[PDB]
Ligand SMILES: [Zn+2]
Ligand SMILES: [Zn+2]
């Protein structure tokens, strides 16, 4: 199962959204549940937009798309640690 | 913000029940 790993990956992605004052672990769990229960990028984005009005739609879509891409990489055998490392790099915008 | 967190918790619980209903089938 990939659910526990995906939750950690989504929480890392959420940590990179500036001034996103929310309980990251619960938002990550919510996103992962919506996906597991058959959600699409659009249905998940729409549910998030109603909850978090301050964040732009493109930022939310970016988080959800990352979740779907990460699920696929996990199914393709990529380790969660490697995925997290790439997200940290994107969040920091630095090779270092 | 207390209200928003209660809402998110309620929504998570709803999704957990949906997942359970799917597994039972
Ligand atoms: Zn829509
Ligand atoms: Zn595939």
- prompt: Any idea what the alpha-carbon Rg over 2.2 N^0.38 Å comes to for the protein assembly as shown?
  reply: 1.05
- request: Please average, across the residues of A:6-16, the number of beta carbons from any other chain that are within 10 Å of each residue's own beta carbon, and give a whole number.
  value: 0
field: Per-residue average of Cβ from other chains inside 10 Å of B:10-19
entry: 4
- prompt: Label-point separation (nm) for residue A:81 and residue B:18, each offset 7 Å from Cα along Cα-to-Cβ?
  reply: 3.4
message: Please give the Cα centre distance for chain B versus the stretch A:30-83, rounded to the nearest Å.
response: 17
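Readers should treat all values here as calculations from the given coordinates under stated rules, not as data from a laboratory. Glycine also receives a Cβ, built like all others from the backbone with ideal geometry; neighbour counts cover every protein chain displayed.
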